[PDB]
Every structure is written in C-alpha cells, then in structure tokens.
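Trainee: Chains as they are written, first to last, in PDB author numbering: chain G, 142 to 222, 281 to 353; chain H, 133 to 584, 610 to 657; chain E, 1289 to 1316; chain D, 204 to 342; chain N, 109 to 134; chain C, 361 to 367, 383 to 411.
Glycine is no exception: its CB is placed at the ideal position from the N, C-alpha and C atoms.
#1: Would you kindly check if the distance between the Cβ of residue 624 of chain H and the Cβ of residue 583 of chain H is under 8 Å?
#2: Taking only the alpha-carbon atoms, compute the straight-line gap between residue 311 of chain H and residue 503 of chain H and give it to the nearest angstrom.
#3: Here's the rule I'm using: 16 or more other beta-carbon atoms within 10 Å means buried, otherwise exposed. How should residue 152 of chain H be labelled?
#4: How is the beta strand (DSSP E) around residue 301 of chain D delimited, first residue to last?
#5: Determine which residues share a DSSP beta bridge with residue 442 of chain H and list them.
#6: Please classify residue 422 of chain H: does DSSP put it in a helix, a strand, or coil?
#7: Quick one: grab the DSSP three-state call for residue 1291 of chain E.
#8: Along the chain, where does the beta strand (DSSP E) containing residue 253 of chain H start, and where does it finish?
#9: Would residue 448 of chain H and residue 241 of chain H be called neighbours here (beta carbons separated by less than 8 Å)?
#10: How would you call residue 484 of chain H, buried or exposed, if buried means at least 16 neighbouring beta carbons within 10 angstroms?
#11: Would a check of beta-carbon distances place residue 89 of chain N closer than 8 Å to chain H?
#12: Just to make sure I have the definition right: I need the residues of chain G whose C-beta is within less than 8 Å of the C-beta of residue 246 of chain D. Which are they?
#13: If distances are taken between C-alpha atoms only, which option among H:198, H:258, H:139 and H:193 comes closest to residue 495 of chain H?
#14: Quick one: what does DSSP say residue 244 of chain D is sitting in, helix, strand or coil?
#15: Any chance the segment 293 to 301 of chain G sits against the segment 1308 to 1316 of chain E, with 3 or more Cβ pairs inside 8 Å?
#16: Roughly how many angstroms separate the alpha carbons of residue 179 of chain G and residue 193 of chain H, rounded to a whole number?
#17: In whole angstroms, give me the CA-to-CA distance for residue 557 of chain H and residue 635 of chain H.
#18: Closest Cβ-Cβ distance between residue 186 of chain H and chain C: below 8 Å?
#19: Based on Cα-Cα distance, which residue from H:458, H:477 and H:358 lies nearest to residue 403 of chain H?
#20: Can you tell me which of the three DSSP states residue 1302 of chain E falls into?
#21: Can you grab the Cα-Cα spacing for the pair residue 175 of chain G / residue 367 of chain C, in whole Å?
#22: Sort out for me which residues DSSP pairs residue 183 of chain G with in a bridge.
#23: Could I get the ranges of all uninterrupted beta strand (DSSP E) runs contained in the segment 176 to 252 of chain H, with 3 residues as the minimum, in chain order?
#24: Run through chain G and tell me which residues come within less than 7 Å of residue 115 of chain N, C-beta to C-beta.
#25: Short check: CB of residue 260 of chain H to CB of residue 237 of chain H, under 8 Å?
#26: In the segment 300 to 342 of chain G, which residue ranges form an unbroken alpha helix (DSSP H) of at least 4 residues, counting only runs that do not cross its ends?
#27: Ends of the beta strand (DSSP E) at residue 545 of chain H?
#28: How many angstroms separate the CA atom of residue 627 of chain H from the CA atom of residue 650 of chain H?
#29: First and last residue of the beta strand (DSSP E) that includes residue 226 of chain D?
#30: Anyone know if the C-beta pair for residue 528 of chain H and residue 508 of chain H falls short of 8 Å?
#31: Contact defined as beta carbons within less than 8 Å: I believe residue 512 of chain H pairs with residue 656 of chain H. What is the distance between those atoms, to the nearest angstrom?
#32: Here's the rule: buried if 16 or more other CB atoms are within 10 angstroms of the residue's CB, otherwise exposed. What is residue 1293 of chain E?
#33: For the beta strand (DSSP E) holding residue 352 of chain G, just list the boundary residues, first then last.
#34: List, from N- to C-terminal side, the beta strand (DSSP E) runs of 3 residues or more that fit wholly inside the segment 296 to 347 of chain H.
#35: Could you check whether the Cβ of residue 1293 of chain E sits closer than 8 Å to any Cβ belonging to chain G?
#36: Please report the straight-line C-alpha distance between residue 317 of chain H and residue 410 of chain H, rounded to a whole angstrom.
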C-alpha cells in the first residue's frame, strides 16, 4: 500500500511537469482530481465514451489475399491492350500508380490476409455482446431447429 | 417588443425553487436548461447504457457493486406492460392498483353462434385506484366489517361513487381495434351526454386546508408534516371545524351536497366541453392538421386510432379530469402524451365516474369487480401483494418452507433442550405465562400513570411509553422468549386489519 | 435520374468497385 | 495460455464445436508500435511509423507492461493455428471464463474526480489484443 | 496532412462527432 | 472444499503479460532509437 503512495506521487510529477507548471499553491483540488483521474486510467471524452467498440461494416477496408493480388496484377497488366491549365492536379500515370499499388500498398501488403472483408463486416458473439451492452441492438430473434442462432436487428 | 420586460427578467427571476436530497435549492430555469440545453447527457439517457461507478474512497478504482437491472430497465424489451418484483413497484411510487377489468363491446360475444365470432371489442377497460388513499378513506370506515354486508349496503356504492376523485380513480381504455376517430368521438360524446342528463345535483367534498407546495419548495409536499404533527388528529379536527367538519364516520370529508353539482352551470358547461370533443380531436377536414396525427397513437394518415394505444382518464378532486394517452407495442418504444387537463369541471368527473361505476355503468362486471376489490386496499392489503403479506385475501405470499410429514421412525425424534416455541394454546403453561405477562403489563400500566395543549399531552404519552417500555422490558427479561412470542402474537391479533 | 445522371452514377460505381479492389476504400 | 494472456485476436469455432482456428497476430503486428518489421501502414508527415506506446506509471522499469492500442484487425498479420478442442471444452468453461473476464470492465464513472475513466485494467498491454470469438454454422 | 490521412483515419482514433454535431447542429 | 484451507499493481493496472518478455530488449531498443 506504499506502492499506491509512490504511484500517486509519480502521477503528480507527471501532470506537474507535463502541463507547464500551472500547479501552484492554488488549483490544489484540480491537481488532486487530475491525479486521481490519471491514476484510475484514461479520462474519456463524451465522444470517446459513446464510440462503439464494433466498427461500422463500411469502415472495414479491403485487404487482398495473395491470389487476389495476382488477379489485380493480371488485370492491371491487361487493361490497355487539352491545355495544361485545365489538366487536373491529379495528372499522374494511372497504370504506373495502379501497378505500384498492386505491389506494396495497403490492400496488397499483408501476405496473410484471408477473406478480410468477408470475415469482418459480420457480427460475432463478442461484437453482438458489445452492441447489446451499448444499447445498439433493437431485436434478437432465435431461429433454427436448435435455436442456437439469432438474427439481430440493430 | 414581444414582452421584453415580461418574457425577460427570467420570469419573476425564476423565484420558484426545488429541493434535492440534502436541502439544496435549484432554480427552475437551471433545471429547464439542464433538460433542454444539455443533450449530450440525454444521448446517454435514451440509450440505457450501463457505466458503473468507481469507489471514491478506494485507492485503486474498484467498480462499486451495484445490481442495476431494475424492472423498468429489464422490461424495455417486453410489450404492453412492464414487469417488476413487487418491491420495485413499492418504490418509484406506483400506487395506483388495478381494481377491475372490463370491455367496451361493439357486439357482445355469445357462447353460441361460432364460439363468439361476433365478438368485436372496441376497448379494454381497466380501473385503478390509489391504494393508500383507498385505505385512508374506505378502510377507517368500511374496515373490519363483513365484506359481503359492506358491498350489499347501497351506502358503500354511494360512497365509492362520491369519493372517486378522492381515490383518484383512473380508467385505462386500451384500444383493441383500429377504431375510426369520428365513430369513437361520437360514441363517447353520446354516452357521456346520456350520463350527464342523469347527473342529479349530488355531493362533492369541500377543502379543509388550502395552499401546499409554495413557489420555493415545488419538490416537497405537505402531507408527511401534516400526518406527523406533534398532535395530528387534534390539529386536523381543529382545522376541520373552522370550515367543514366531518359529519360521517372515520373518513374525513365534509361532503357538501346537491348544489355543488349545479345544473345550468357545470353540467351544461360539460355538455358544451363534450361538444368541443369532435372539434378538438377531429377539426376541419385535413387529416394532417388534426392534433392527433404524426404520433404513434394514430396511423400514418391520422384517420384511425391504432390498436394497442391506451387512453388514461384520471379523476382528480375539485372536478379535475386528466386525459393522457400512451402508444402500444414495445414499452421501450412507447411514448406517452398528455392530451388534455380540465379543472373545475365537477360534472365531468362525476359523469365519468357514474359511467364507469354507476347504477347502470358501461360495464357492470367492471363496476362490481372494482367495488368488490376496493375492500382489499381498504383492509390494508393492496390489490397486488406488493408487501408480500402471507395473510393476503388473494395472491398470498408463501413462507418458502417445506411442509412437514411425521415419519414412522424413532431416530429422527430427539429430545433436545428448550429450543421449541410453544404451540399448544390453552394449556396450563400457556395460561400461567399469560398470567405472568398480565401482571407485567399491569405493572407497566400502573407505572405509566405516574409520569407527571395536546402537544404536552403527547409528550406525557411519550414519557408513559418510555416508562411502560422499561417496566415491560424488565418483565420480559424476567419471563422467556416464549413470552416474547406470546406478546408478539397478542399484539398482532389485536389491531384492526385497516391498521387503525 | 434521367439518362445522364444514370450514366454518371454507373461510371462512379464502376470506379468505386475498382478502388475497393485496390485500395482502402470504404462503404463498397 | 495464449487465451489467458489475451494474445489471441480471433477464435473461429467450427460447426462441430470441437475444432478451432486460432488467429494469433504476429507480435509486432499485435499493436501500433512502429516496429520496422511491419508494413508502414501508419506514418506521419515525417514518414515515420506511428508509435502509440503510453508508459505504465505502475511499472516504469518494465516496458512490456506498458500500454498500447491494438492494431486494426484488417491490418494484422496472423498465424492461423489449428486446435483440437476436447469434448468437455464447453463444460470446463475456459472460453466462458475468458469472455466473463473480458466483458467485466470498461468506461467507469469516477465521482471522486469527475469524468468517465477507462481504467488501466480495461486497456491493453503492448502485445495484448481483444479476443474475437466467432462460431461457425454447419448449415 | 498525412497525420490525418492515416494516423487518425486508418487507425480509428478520433471518435465520431456526436457532442458537437448534436449541440451545435441539432 | 479443497486442501490447505487456512490462509499499485494487479488492481489499478491489472496483471502483467506472461508470454511477453522475450521482446523486452527489442521494445527498449525501439524506444531508444526512434529512427528505427
């Protein structure tokens, strides 16, 4: 229970040196409040509080597997086979950028991804539990001859 | 300009205050800003999200142990009505117990035809009464008597018709069909006009104490201080005789008669307020301009009232009729709307009460069931067993102990020490211990008489109570735990069921 | 809507599918 | 052991409820650390990998006890292990105990100082991820 | 900048605007 | 039931990783050299 004391001391030093002085003889209750808050954990804002753990289905980006990267390379290497002012600022070589995205990139640089957009964008049990605890699920309907599956309406 | 000296000045500086818990007073403008201009917290409020507190006196967080899954919270997925465990219904006020069921039939289902295939139901009728007020009124007069004799007397029927606003009889009419608006308005207007044509000049209460809830303590009430006065009954009677002194039995209420329900006045005024039903509910022809539109109480076009919506008609005293409503379906999506609230219309409250519990009601089964249930809150029991009383007339609570069967064995029967309560009443031990308790009580009564306007009398009663408690306690330590049990059962089987 | 803004939306959907097949595009 | 250490990103239980695929991330892909082994998904304008390693005030000498936000799952590189579950896997309740341990905390109101606080117990360590349990339907 | 192109966008930091978009707008 | 019978960490922050510890030197070096 002395570790608590040294811990709160460290949090005090942290806030005192982090925010430029401002500690002073005044604001002592404010210092105690921020010490308690940073000791317990991270103070969330309201937007961070209502942020769902479950991402939106549109928020999951595509990540190609190696075979789909091969399909992309084949498509890009197949495809193809005015005053400078009005020319758009994005006037680069489309084929070169597409092929330099099929290599490296973000959708093509995992080398382990397998149905990254089909798995995900799909509720699992833990994500359904998080959505229900956040009050985001309107109705749960048990179906099947065994009643081990639900059709959750959010 | 637009009341720039009147809509400003923070409406009389908002000199009306509230009172939260530890006597803290907050302004109505502050509270209105808290419900209006603080909508981030309302986003949590309409999401039933669980957060759980942290312990403030703990060095290491430690989320405080709470059980919050209260009846309203768990019931949000149910349909029609919520569900609690009795104790949670005892909390959150919730004191309007159901006294009767009924139905407003279009064509009454016959047991012949095809089982009742002509049984069109327009509304389901339920009646609710304030159980503490039902006890306080119908229990100190019609309590401890034969309930069959009470419900047989025409004076009890007259009294439950007269004291209806006092009981706060609220009738819930739940729509069992997609009813057209004009048909329902015409039916209710015709029925209430027919019952207003027979509303003779009859009896109404008169006020014995004014005021209460001054514009500094709108959160508070005057009745606990009124009932916990240093003399109570004496003060109340003194107020009574300085205005309307109770002529009846132990009920209160002075009951002015006849003229109170004027004829060319409030009865005719109500016959006009009923005429302003189909020009206040279905106004000039535009089903999007009719007040009850858009809300879930009607359909999309507003022509018909949706099945499952309910209309709550509460009869307040002083002729106040409060018509609210509530949509049907999932209670987590139900929205309640206040429709109207009329004050001073003594003919409307009396006419609705006669229409529901009169000599010819809208439902004789509902009227008989309500007038018959009301003796159960009158006898201090409530309609539903909220207090979990084992001696309830209907739905009694069980002890949760398995009944004992005497075995045909010898090893089960053991002759232990003095660890059995006395169960044989009338024996010599019971009689002699009753005699010893009798001499202890007589010593207590003798010792309470030496303890030496109505406030000093109550102080003397408190001193006598202290001396009697001392002498009785010494005598009960002289006697045994069986004598403690006998004193407890003697005190239990001596008070009236009404609690007086 | 009409034909022109039925061709523009079709072209935009085709390029959206091409972007999804290549990039971290969203809601496709 | 990996489930108790919260090192398992995904647990795909198959139809027979006796065979699981355990998607455990590669360690440097387990959280946003800025390790150069990982693909530079997350870079600032200086073209430096973004590190989100918040220090632990209860253990300044043990960087492995420090706090770090887990990577987005779609950007993770995961070993997919095959596990033959026993027939009393659901009776033993190890997965149930892990789920009950994981869902027991988060976003706690603190009246002693105001604000909603996400506790340090609700946050993840350097290589700890949130386990995603998904069951498969044989139909 | 790039510190918003990826750091807050791909890494799903910066929780969606609810307080500001509900008070200032709605 | 059982045998034996008579009898700022793990309650504020919560446990400590067990499979982790072999990456301590790499974490320390990644913190020491941000150019990596």
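Mentor: In this structure, then:
#1: yes
#2: 29 Å
#3: exposed
#4: Note, residue 301 of chain D: premise wrong, no beta strand (DSSP E); alpha helix (DSSP H) at 297 to 305.
#5: H:306 and H:458
#6: coil
#7: coil
#8: 252 to 262
#9: no
#10: buried
#11: The requested residue 89 of chain N does not occur in the structure, where chain N is confined to residues 109 to 134.
#12: Chain G residues near residue 246 of chain D: none, gap ~11 Å exceeds 8 Å.
#13: H:258
#14: coil
#15: yes
#16: 11 Å
#17: 21 Å
#18: no
#19: H:477
#20: helix
#21: 38 Å
#22: D:321
#23: 228 to 239
#24: Neighbours of residue 115 of chain N on chain G: none; closest Cβ ~14 Å, over 7 Å.
#25: no
#26: 324 to 332
#27: From DSSP, residue 545 of chain H is part of no beta strand (DSSP E); its letter is neither H nor E.
#28: 23 Å
#29: 222 to 228
#30: no
#31: 5 Å
#32: exposed
#33: Unbroken run through residue 352 of chain G: none, as it is neither H nor E.
#34: 302 to 307
#35: no
#36: 6 Å
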